[PDB]
file protein.cif (mmCIF, C-alpha atoms)
data_upload
loop_
_atom_site.label_atom_id
_atom_site.label_comp_id
_atom_site.auth_asym_id
_atom_site.auth_seq_id
_atom_site.Cartn_x
_atom_site.Cartn_y
_atom_site.Cartn_z
CA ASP S 1136 62.26 109.63 105.42
CA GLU S 1137 61.30 106.16 104.20
CA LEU S 1138 64.74 104.50 104.21
CA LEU S 1139 66.84 105.89 107.07
CA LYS S 1140 64.16 106.94 109.55
CA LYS S 1141 61.77 103.97 109.20
CA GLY S 1142 64.31 101.36 110.24
CA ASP S 1143 61.76 98.92 111.64
CA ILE S 1144 59.75 98.63 108.41
CA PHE S 1145 62.75 97.78 106.19
CA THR S 1146 65.20 95.47 107.96
CA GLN S 1147 67.58 92.55 107.48
CA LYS S 1148 64.61 90.26 106.86
CA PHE S 1149 62.88 92.36 104.20
CA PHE S 1150 65.93 93.09 102.05
CA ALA S 1151 66.89 89.40 102.07
CA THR S 1152 63.69 88.60 100.15
CA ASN S 1153 63.28 88.83 96.39
CA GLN S 1154 61.43 92.16 96.68
CA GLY S 1155 64.39 93.94 98.24
CA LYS S 1156 66.81 92.63 95.62
CA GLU S 1157 64.57 93.79 92.78
CA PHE S 1158 64.08 97.11 94.58
CA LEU S 1159 67.83 97.67 94.81
CA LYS S 1160 68.31 96.61 91.18
CA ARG S 1161 65.72 99.16 90.08
CA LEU S 1162 67.18 101.76 92.46
CA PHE S 1163 70.73 101.63 91.08
CA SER S 1164 69.36 102.22 87.57
CA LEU S 1165 68.70 105.79 88.73
CA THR S 1166 72.44 106.22 89.25
CA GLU S 1167 72.97 104.56 85.88
CA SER S 1168 70.28 106.77 84.33
CA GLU S 1169 71.17 110.24 83.10
CA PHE S 1170 68.40 112.08 84.97
CA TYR S 1171 69.44 111.97 88.64
CA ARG S 1172 73.06 110.73 88.46
CA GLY S 1173 74.78 114.06 89.13
CA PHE S 1174 72.31 114.73 91.92
CA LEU S 1175 72.47 111.32 93.55
CA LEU S 1176 76.24 110.77 93.65
CA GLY S 1177 76.71 114.04 95.57
CA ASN S 1178 74.23 113.35 98.36
CA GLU S 1179 75.29 112.09 101.78
CA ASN S 1180 72.03 110.30 102.58
CA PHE S 1181 72.17 107.84 99.68
CA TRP S 1182 75.72 106.73 100.44
CA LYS S 1183 74.81 106.48 104.12
CA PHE S 1184 72.02 104.11 103.08
CA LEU S 1185 74.44 101.95 101.08
CA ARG S 1186 76.79 101.99 104.08
CA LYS S 1187 73.88 100.61 106.10
CA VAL S 1188 72.93 98.00 103.51
CA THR S 1189 76.51 96.73 103.08
CA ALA S 1190 76.17 95.22 106.56
CA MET S 1191 73.53 92.90 105.08
CA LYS S 1192 75.43 89.70 104.30
CA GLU S 1193 73.07 88.68 101.48
CA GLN S 1194 73.31 92.03 99.66
CA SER S 1195 77.09 92.57 99.80
CA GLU S 1196 77.68 90.80 96.47
CA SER S 1197 75.03 92.95 94.78
CA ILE S 1198 76.56 96.22 95.98
CA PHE S 1199 80.01 95.03 94.96
CA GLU S 1200 78.71 94.03 91.52
CA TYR S 1201 77.19 97.50 91.10
CA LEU S 1202 80.39 99.24 92.20
CA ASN S 1203 82.61 97.10 89.97
CA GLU S 1204 80.33 97.69 86.98
CA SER S 1205 80.16 101.42 87.65
CA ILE S 1206 83.83 102.20 88.31
CA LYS S 1207 85.19 100.40 85.24
CA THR S 1208 82.94 101.95 82.59
CA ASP S 1209 83.12 105.57 83.83
CA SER S 1210 86.02 106.96 85.84
CA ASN S 1211 84.04 110.16 86.56
CA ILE S 1212 81.75 108.38 89.07
CA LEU S 1213 84.32 109.27 91.75
CA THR S 1214 84.96 112.91 92.62
CA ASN S 1215 86.25 114.91 95.57
CA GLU S 1216 82.67 115.50 96.81
CA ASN S 1217 81.86 111.75 97.11
CA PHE S 1218 85.14 109.81 97.39
CA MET S 1219 85.39 109.30 101.15
CA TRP S 1220 81.97 107.67 101.47
CA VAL S 1221 82.83 105.25 98.66
CA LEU S 1222 86.13 104.46 100.36
CA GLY S 1223 84.29 103.77 103.61
CA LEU S 1224 81.95 101.49 101.66
CA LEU S 1225 84.84 99.42 100.33
CA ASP S 1226 86.41 99.45 103.81
CA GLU S 1227 83.21 97.98 105.27
CA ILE S 1228 82.98 95.38 102.51
CA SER S 1229 86.60 94.32 102.98
CA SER S 1230 86.18 94.12 106.76
CA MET S 1231 82.96 92.08 106.33
CA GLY S 1232 85.02 88.90 106.01
CA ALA S 1233 85.15 88.12 109.73
CA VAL S 1234 84.46 84.38 109.59
CA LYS S 1259 84.51 81.30 101.46
CA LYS S 1260 82.03 83.65 99.78
CA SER S 1261 82.87 86.51 102.13
CA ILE S 1262 86.56 85.66 101.77
CA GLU S 1263 86.25 85.74 97.97
CA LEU S 1264 84.37 89.05 98.17
CA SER S 1265 87.14 90.55 100.31
CA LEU S 1266 89.72 89.13 97.89
CA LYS S 1267 88.02 90.96 95.02
CA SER S 1268 87.41 94.14 97.02
CA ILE S 1269 91.04 94.59 98.11
CA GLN S 1270 92.16 94.51 94.47
CA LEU S 1271 89.29 96.85 93.57
CA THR S 1272 90.47 99.39 96.16
CA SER S 1273 93.99 99.01 94.78
CA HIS S 1274 92.62 99.61 91.25
CA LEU S 1275 91.25 103.16 91.81
CA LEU S 1276 94.59 104.85 90.91
CA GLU S 1277 94.89 104.42 87.13
CA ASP S 1278 91.29 105.44 86.39
CA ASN S 1279 91.90 109.11 87.32
CA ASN S 1280 95.46 110.42 87.68
CA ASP S 1281 94.19 113.88 88.76
CA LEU S 1282 94.14 113.33 92.53
CA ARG S 1283 94.60 115.45 95.65
CA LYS S 1284 96.97 114.36 98.42
CA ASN S 1285 94.17 113.64 100.89
CA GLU S 1286 92.27 112.05 97.99
CA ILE S 1287 94.98 109.48 97.26
CA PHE S 1288 96.07 109.00 100.85
CA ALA S 1289 92.82 107.43 102.10
CA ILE S 1290 93.29 104.42 99.79
CA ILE S 1291 96.72 103.75 101.28
CA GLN S 1292 95.29 104.29 104.76
CA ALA S 1293 92.56 101.71 104.12
CA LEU S 1294 95.04 99.20 102.70
CA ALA S 1295 97.36 99.67 105.68
CA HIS S 1296 94.45 99.37 108.12
CA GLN S 1297 93.28 96.16 106.45
CA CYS S 1298 96.48 94.38 107.54
CA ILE S 1299 95.00 94.42 111.07
CA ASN S 1300 92.37 91.82 109.99
CA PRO S 1301 92.87 88.75 112.25
CA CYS S 1302 92.03 86.15 109.59
CA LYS S 1303 95.32 85.06 108.03
CA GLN S 1304 94.03 84.31 104.53
CA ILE S 1305 92.81 87.91 104.02
CA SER S 1306 95.71 89.84 105.59
CA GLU S 1307 98.30 87.74 103.75
CA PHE S 1308 96.66 88.81 100.49
CA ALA S 1309 96.19 92.39 101.72
CA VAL S 1310 99.89 92.99 102.33
CA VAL S 1311 100.98 91.71 98.90
CA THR S 1312 98.24 93.73 97.21
CA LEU S 1313 99.35 96.89 99.01
CA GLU S 1314 102.91 96.13 97.90
CA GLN S 1315 101.62 95.73 94.33
CA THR S 1316 99.90 99.10 94.76
CA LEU S 1317 103.07 100.82 95.96
CA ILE S 1318 105.38 99.23 93.38
CA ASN S 1319 103.97 100.53 90.06
CA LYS S 1320 101.01 102.91 90.63
CA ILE S 1321 102.10 106.13 92.36
CA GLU S 1322 104.31 108.70 90.61
CA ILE S 1323 106.58 110.59 93.00
CA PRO S 1324 107.51 113.84 91.23
CA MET S 1328 102.88 115.92 92.91
CA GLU S 1329 103.93 114.30 96.19
CA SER S 1330 107.07 112.85 97.78
CA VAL S 1331 108.27 109.69 99.50
CA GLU S 1332 108.50 111.57 102.82
CA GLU S 1333 104.76 112.18 103.16
CA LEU S 1334 104.01 108.79 101.59
CA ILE S 1335 105.85 107.30 104.58
CA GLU S 1336 104.56 109.78 107.18
CA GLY S 1337 100.90 110.36 106.35
CA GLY S 1338 100.27 106.76 105.26
CA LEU S 1339 101.57 103.64 106.96
CA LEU S 1340 102.97 105.41 110.04
CA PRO S 1341 99.50 106.21 111.49
CA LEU S 1342 99.21 102.44 111.93
CA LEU S 1343 102.51 102.47 113.85
CA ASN S 1344 101.68 105.30 116.26
CA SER S 1345 98.16 103.92 116.76
CA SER S 1346 99.50 100.43 117.64
CA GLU S 1347 100.08 101.13 121.34
CA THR S 1348 97.66 98.28 122.10
CA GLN S 1349 99.59 95.08 122.76
CA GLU S 1350 96.84 92.97 121.13
CA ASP S 1351 98.25 93.90 117.71
CA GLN S 1352 101.51 92.31 118.90
CA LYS S 1353 104.78 91.76 117.04
CA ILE S 1354 103.24 90.10 113.96
CA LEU S 1355 101.57 93.27 112.61
CA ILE S 1356 104.54 95.57 113.21
CA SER S 1357 106.89 92.98 111.69
CA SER S 1358 104.70 92.73 108.58
CA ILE S 1359 104.49 96.48 108.08
CA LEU S 1360 108.25 96.76 108.71
CA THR S 1361 108.88 94.13 106.04
CA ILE S 1362 106.81 95.89 103.38
CA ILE S 1363 108.29 99.33 104.09
CA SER S 1364 111.72 97.69 103.82
CA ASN S 1365 110.72 96.19 100.46
CA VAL S 1366 109.40 99.44 98.99
CA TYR S 1367 112.43 101.32 100.33
CA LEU S 1368 114.64 98.75 98.59
CA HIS S 1369 112.79 99.23 95.30
CA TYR S 1370 112.83 103.03 95.26
CA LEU S 1371 116.45 103.10 96.43
CA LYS S 1372 117.33 100.77 93.55
CA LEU S 1373 115.59 103.22 91.21
CA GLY S 1374 116.92 106.12 93.29
CA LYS S 1375 114.94 109.23 94.26
CA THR S 1376 115.87 109.76 97.95
CA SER S 1377 118.17 111.94 100.07
CA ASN S 1378 119.94 111.79 103.44
CA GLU S 1379 116.87 112.92 105.38
CA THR S 1380 114.84 109.95 104.08
CA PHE S 1381 117.28 107.39 105.49
CA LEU S 1382 117.52 109.41 108.70
CA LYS S 1383 113.72 109.39 108.96
CA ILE S 1384 113.30 105.63 108.57
CA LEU S 1385 116.19 105.29 111.04
CA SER S 1386 114.12 107.30 113.53
CA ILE S 1387 111.11 105.12 112.69
CA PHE S 1388 113.19 102.02 113.47
CA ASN S 1389 114.38 103.42 116.80
CA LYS S 1390 110.84 104.52 117.75
CA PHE S 1391 109.80 100.82 117.99
CA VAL S 1392 112.87 99.11 119.47
CA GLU S 1393 112.57 95.36 119.90
CA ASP S 1394 115.45 92.89 120.06
CA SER S 1395 113.56 90.29 118.01
CA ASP S 1396 113.07 92.40 114.86
CA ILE S 1397 115.19 95.57 115.00
CA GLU S 1398 118.59 93.84 114.90
CA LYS S 1399 118.00 91.64 111.84
CA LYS S 1400 116.27 94.43 109.91
CA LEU S 1401 119.00 96.95 110.74
CA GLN S 1402 121.73 94.55 109.61
CA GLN S 1403 119.84 93.80 106.39
CA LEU S 1404 119.29 97.52 105.76
CA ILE S 1405 122.90 98.55 106.39
CA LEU S 1406 124.04 95.76 104.04
CA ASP S 1407 121.59 96.52 101.23
CA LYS S 1408 122.20 100.28 101.32
CA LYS S 1409 125.83 99.61 100.39
CA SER S 1410 124.68 97.05 97.81
CA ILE S 1411 122.43 99.70 96.25
CA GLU S 1412 125.31 102.19 96.39
CA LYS S 1413 127.42 99.63 94.52
CA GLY S 1414 124.58 99.35 91.99
CA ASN S 1415 124.72 102.87 90.53
CA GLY S 1416 128.48 103.46 90.48
CA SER S 1417 129.16 100.46 88.25
#

call {"tool": "encode", "arguments": {"input": "protein.cif", "output": "structure tokens"}}
result
Amino acid sequence: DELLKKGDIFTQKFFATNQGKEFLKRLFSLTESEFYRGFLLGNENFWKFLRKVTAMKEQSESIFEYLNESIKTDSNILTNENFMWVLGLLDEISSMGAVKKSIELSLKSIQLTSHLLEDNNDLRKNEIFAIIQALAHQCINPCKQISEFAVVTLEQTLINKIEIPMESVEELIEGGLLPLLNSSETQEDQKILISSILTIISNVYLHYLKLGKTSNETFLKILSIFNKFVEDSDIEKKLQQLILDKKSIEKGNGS
């Protein structure tokens, strides 16, 4: 009642004051406290309220401080009944950097989203896949200084976090980055975004082919992905590089 419905009473102006900051600091102690924690983390309304308050530019650092404190100490804060709202919260915080403080906050938040894999290895497919979806989506961000960090962080997530043998590389390619590709029919995204995502999928393919866990149908599938987005600027160079490095990797294992 008081928080969501009475929007006019509690606004941008009120939460920017000292009173709102102390109110939020006292409020998060309930989540810290043992009484209402199991109740509060499950509810939709509370996380909807934090989704609202993350839009407040003054309060973004406070919410990020709370989340960073909470996730590190206890890995059990996240569960299947509350993960997607938290992921949306970090998505909003990372996308807040539209315009240094916001840039630094996004810089920390991207790594934080990348860091939610070691804390709990017991993960569902849809559970893990949203993190990769958010990281892939965050490459769309027009500001160069954030997307250039986002792509390398997503590469650092793919390189040494996910164990293949209870998923597979096929769905990691299909259900993850490829939704960006099929959803990029708008020309405003332009060749820069598709070239960047092509580069990183080439890099991770190179790594896991060096290690070696693939089959014929993999290579056929990324071949189909390449032909689905034909463009004389990028397809020719990437195809030549790929058909050279596949034989280099084949040379790797035999001797």

call {"tool": "closest_atom_pairs", "arguments": {"input": "protein.cif", "of": "stretch 1214-1323 of chain S", "to": "stretch 1177-1192 of chain S", "cutoff": "10 Å", "atoms": "all atoms listed in the file", "output": "Markdown table"}}
result
| residue | atom | partner | partner_atom | distance |
| --- | --- | --- | --- | --- |
| S:1214 | CA | S:1177 | CA | 8.8 |
| S:1215 | CA | S:1177 | CA | 9.6 |
| S:1216 | CA | S:1177 | CA | 6.3 |
| S:1217 | CA | S:1177 | CA | 5.8 |
| S:1218 | CA | S:1177 | CA | 9.6 |
| S:1220 | CA | S:1182 | CA | 6.4 |
| S:1221 | CA | S:1182 | CA | 7.5 |
| S:1223 | CA | S:1186 | CA | 7.7 |
| S:1224 | CA | S:1186 | CA | 5.7 |
| S:1225 | CA | S:1189 | CA | 9.2 |
| S:1226 | CA | S:1186 | CA | 10.0 |
| S:1227 | CA | S:1189 | CA | 7.2 |
| S:1228 | CA | S:1189 | CA | 6.6 |
| S:1231 | CA | S:1190 | CA | 7.5 |
| S:1232 | CA | S:1192 | CA | 9.8 |
| S:1261 | CA | S:1192 | CA | 8.4 |

call {"tool": "residues_around", "arguments": {"input": "protein.cif", "residues": "stretch 1148-1157 of chain S", "least_positions_apart": "3", "cutoff": "8 Å", "atoms": "only C-alpha atoms", "output": "mmCIF file with C-alpha atoms, in the frame of the given file"}}
result
data_model
loop_
_atom_site.group_PDB
_atom_site.id
_atom_site.type_symbol
_atom_site.label_atom_id
_atom_site.label_comp_id
_atom_site.auth_asym_id
_atom_site.auth_seq_id
_atom_site.Cartn_x
_atom_site.Cartn_y
_atom_site.Cartn_z
ATOM 1 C CA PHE S 1145 62.750 97.780 106.190
ATOM 2 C CA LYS S 1160 68.310 96.610 91.180
ATOM 3 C CA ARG S 1161 65.720 99.160 90.080
ATOM 4 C CA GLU S 1193 73.070 88.680 101.480
ATOM 5 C CA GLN S 1194 73.310 92.030 99.660
#

call {"tool": "atom_distance", "arguments": {"input": "protein.cif", "atom1": "atom CA of residue S:1262", "atom2": "atom CA of residue S:1305"}}
result
7.0 Å

call {"tool": "axis_aligned_box", "arguments": {"input": "protein.cif", "around": "stretch 1334-1351 of chain S", "padding_each_side": "3 Å", "output": "AutoDock Vina command-line options"}}
result
--center_x 101.3 --center_y 101.7 --center_z 112.2 --size_x 15.0 --size_y 23.4 --size_z 27.2

call {"tool": "closest_residue", "arguments": {"input": "protein.cif", "among": "S:1340, S:1143, S:1196, S:1205", "to": "residue S:1163", "atoms": "all atoms listed in the file"}}
result
S:1205

call {"tool": "atom_distance", "arguments": {"input": "protein.cif", "atom1": "atom CA of residue S:1304", "atom2": "atom CA of residue S:1202"}}
result
23.7 Å

call {"tool": "resolve_selection", "arguments": {"input": "protein.cif", "expression": "the PyMOL selection byres ((chain S and resi 1322) around 12)", "output": "list in words"}}
result
residues 1276, 1277, 1280, 1281, 1282, 1287, 1316, 1317, 1318, 1319, 1320, 1321, 1323, 1324, 1328, 1329, 1330, 1331, 1334, 1370 and 1375 of chain S

call {"tool": "residues_around", "arguments": {"input": "protein.cif", "residues": "residue S:1372", "least_positions_apart": "2", "cutoff": "10 Å", "atoms": "all atoms listed in the file", "output": "MDAnalysis selection string"}}
result
chainID S and resid 1366:1370 1374:1375 1407:1408 1410:1412 1414:1415

call {"tool": "residues_near_point", "arguments": {"input": "protein.cif", "point": "(94.6, 98.3, 108.7)", "cutoff": "12 Å", "atoms": "all atoms listed in the file", "output": "ChimeraX atom specification"}}
result
/S:1226-1227,1229-1230,1269,1289-1301,1305-1306,1309-1310,1313,1338-1343,1345-1346,1351,1355-1356,1358-1359

call {"tool": "closest_residue", "arguments": {"input": "protein.cif", "among": "S:1373, S:1360, S:1198, S:1175", "to": "residue S:1404", "atoms": "all atoms listed in the file"}}
result
S:1360

call {"tool": "closest_residue", "arguments": {"input": "protein.cif", "among": "S:1344, S:1378, S:1146, S:1279", "to": "residue S:1211", "atoms": "only C-alpha atoms"}}
result
S:1279

call {"tool": "atom_distance", "arguments": {"input": "protein.cif", "atom1": "atom CA of residue S:1347", "atom2": "atom CA of residue S:1308"}}
result
24.5 Å

call {"tool": "resolve_selection", "arguments": {"input": "protein.cif", "expression": "the PyMOL selection byres ((chain S and resi 1401) around 12)", "output": "compact mmCIF listing (two decimals) with C-alpha atoms, keeping the file's coordinate frame"}}
result
# COMPACT_ATOMS: atom_id res chain seq x y z
CA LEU S 1360 108.25 96.76 108.71
CA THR S 1361 108.88 94.13 106.04
CA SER S 1364 111.72 97.69 103.82
CA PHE S 1381 117.28 107.39 105.49
CA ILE S 1384 113.30 105.63 108.57
CA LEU S 1385 116.19 105.29 111.04
CA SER S 1386 114.12 107.30 113.53
CA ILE S 1387 111.11 105.12 112.69
CA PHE S 1388 113.19 102.02 113.47
CA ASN S 1389 114.38 103.42 116.80
CA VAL S 1392 112.87 99.11 119.47
CA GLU S 1393 112.57 95.36 119.90
CA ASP S 1394 115.45 92.89 120.06
CA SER S 1395 113.56 90.29 118.01
CA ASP S 1396 113.07 92.40 114.86
CA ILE S 1397 115.19 95.57 115.00
CA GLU S 1398 118.59 93.84 114.90
CA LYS S 1399 118.00 91.64 111.84
CA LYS S 1400 116.27 94.43 109.91
CA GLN S 1402 121.73 94.55 109.61
CA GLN S 1403 119.84 93.80 106.39
CA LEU S 1404 119.29 97.52 105.76
CA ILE S 1405 122.90 98.55 106.39
CA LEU S 1406 124.04 95.76 104.04
CA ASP S 1407 121.59 96.52 101.23
CA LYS S 1408 122.20 100.28 101.32

call {"tool": "closest_residue", "arguments": {"input": "protein.cif", "among": "S:1200, S:1336, S:1136, S:1314", "to": "residue S:1159", "atoms": "only C-alpha atoms"}}
result
S:1200

call {"tool": "closest_residue", "arguments": {"input": "protein.cif", "among": "S:1195, S:1376, S:1352, S:1208", "to": "residue S:1264", "atoms": "all atoms listed in the file"}}
result
S:1195

call {"tool": "closest_residue", "arguments": {"input": "protein.cif", "among": "S:1285, S:1312, S:1210, S:1265", "to": "residue S:1337", "atoms": "all atoms listed in the file"}}
result
S:1285

call {"tool": "decode", "arguments": {"input": "protein.cif", "residues": "stretch 1312-1343 of chain S", "atoms": "N, CA and C atoms", "output": "short mmCIF file (atom, residue, chain, number, x, y, z; two decimals), in the first residue's frame"}}
result
data_model
loop_
_atom_site.label_atom_id
_atom_site.label_comp_id
_atom_site.auth_asym_id
_atom_site.auth_seq_id
_atom_site.Cartn_x
_atom_site.Cartn_y
_atom_site.Cartn_z
N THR S 1312 34.41 -8.85 -20.52
CA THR S 1312 33.92 -9.53 -19.32
C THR S 1312 33.09 -10.75 -19.67
N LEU S 1313 32.29 -10.67 -20.73
CA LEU S 1313 31.51 -11.85 -21.12
C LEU S 1313 32.43 -12.94 -21.63
N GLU S 1314 33.50 -12.56 -22.34
CA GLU S 1314 34.51 -13.53 -22.74
C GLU S 1314 35.16 -14.17 -21.52
N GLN S 1315 35.49 -13.37 -20.51
CA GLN S 1315 36.07 -13.89 -19.27
C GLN S 1315 35.07 -14.73 -18.48
N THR S 1316 33.78 -14.53 -18.71
CA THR S 1316 32.77 -15.42 -18.15
C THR S 1316 32.74 -16.75 -18.89
N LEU S 1317 32.81 -16.71 -20.22
CA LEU S 1317 32.72 -17.94 -20.99
C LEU S 1317 33.98 -18.79 -20.87
N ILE S 1318 35.13 -18.16 -20.63
CA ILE S 1318 36.40 -18.88 -20.76
C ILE S 1318 36.56 -19.93 -19.66
N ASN S 1319 36.28 -19.57 -18.40
CA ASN S 1319 36.67 -20.39 -17.25
C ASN S 1319 35.63 -20.40 -16.13
N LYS S 1320 34.34 -20.39 -16.47
CA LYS S 1320 33.26 -20.48 -15.49
C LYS S 1320 32.34 -21.67 -15.71
N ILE S 1321 31.88 -21.89 -16.94
CA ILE S 1321 30.84 -22.88 -17.21
C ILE S 1321 31.47 -24.22 -17.53
N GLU S 1322 30.97 -25.27 -16.88
CA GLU S 1322 31.37 -26.65 -17.15
C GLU S 1322 30.38 -27.25 -18.14
N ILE S 1323 30.90 -27.85 -19.20
CA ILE S 1323 30.05 -28.38 -20.27
C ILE S 1323 29.41 -29.70 -19.84
N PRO S 1324 30.18 -30.75 -19.49
CA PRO S 1324 29.47 -32.02 -19.29
C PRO S 1324 28.82 -32.12 -17.92
N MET S 1328 25.61 -29.65 -16.57
CA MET S 1328 24.74 -30.59 -17.26
C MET S 1328 24.08 -29.92 -18.47
N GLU S 1329 24.93 -29.40 -19.36
CA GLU S 1329 24.50 -28.66 -20.54
C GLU S 1329 25.40 -29.08 -21.70
N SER S 1330 25.36 -28.31 -22.79
CA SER S 1330 26.21 -28.58 -23.94
C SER S 1330 26.49 -27.27 -24.67
N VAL S 1331 27.52 -27.30 -25.51
CA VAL S 1331 27.89 -26.12 -26.29
C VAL S 1331 26.79 -25.74 -27.27
N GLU S 1332 25.98 -26.72 -27.71
CA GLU S 1332 24.97 -26.44 -28.73
C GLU S 1332 23.92 -25.47 -28.21
N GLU S 1333 23.38 -25.75 -27.02
CA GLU S 1333 22.40 -24.85 -26.43
C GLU S 1333 23.04 -23.57 -25.92
N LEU S 1334 24.30 -23.65 -25.48
CA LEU S 1334 25.02 -22.44 -25.08
C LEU S 1334 25.19 -21.47 -26.24
N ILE S 1335 25.27 -21.99 -27.47
CA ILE S 1335 25.28 -21.13 -28.65
C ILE S 1335 23.86 -20.71 -29.01
N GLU S 1336 22.91 -21.65 -28.98
CA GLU S 1336 21.57 -21.39 -29.49
C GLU S 1336 20.76 -20.52 -28.53
N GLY S 1337 20.57 -20.98 -27.30
CA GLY S 1337 19.70 -20.26 -26.38
C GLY S 1337 20.27 -18.96 -25.85
N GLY S 1338 21.56 -18.70 -26.07
CA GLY S 1338 22.25 -17.57 -25.47
C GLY S 1338 22.44 -16.41 -26.43
N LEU S 1339 23.62 -16.35 -27.05
CA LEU S 1339 23.97 -15.20 -27.88
C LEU S 1339 23.08 -15.07 -29.11
N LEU S 1340 22.64 -16.19 -29.68
CA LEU S 1340 21.88 -16.14 -30.93
C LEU S 1340 20.55 -15.40 -30.85
N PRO S 1341 19.84 -15.35 -29.73
CA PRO S 1341 18.71 -14.41 -29.62
C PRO S 1341 19.06 -12.96 -29.93
N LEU S 1342 20.28 -12.52 -29.64
CA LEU S 1342 20.70 -11.20 -30.09
C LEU S 1342 20.74 -11.14 -31.61
N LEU S 1343 21.22 -12.21 -32.25
CA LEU S 1343 21.37 -12.21 -33.70
C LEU S 1343 20.02 -12.15 -34.41
#
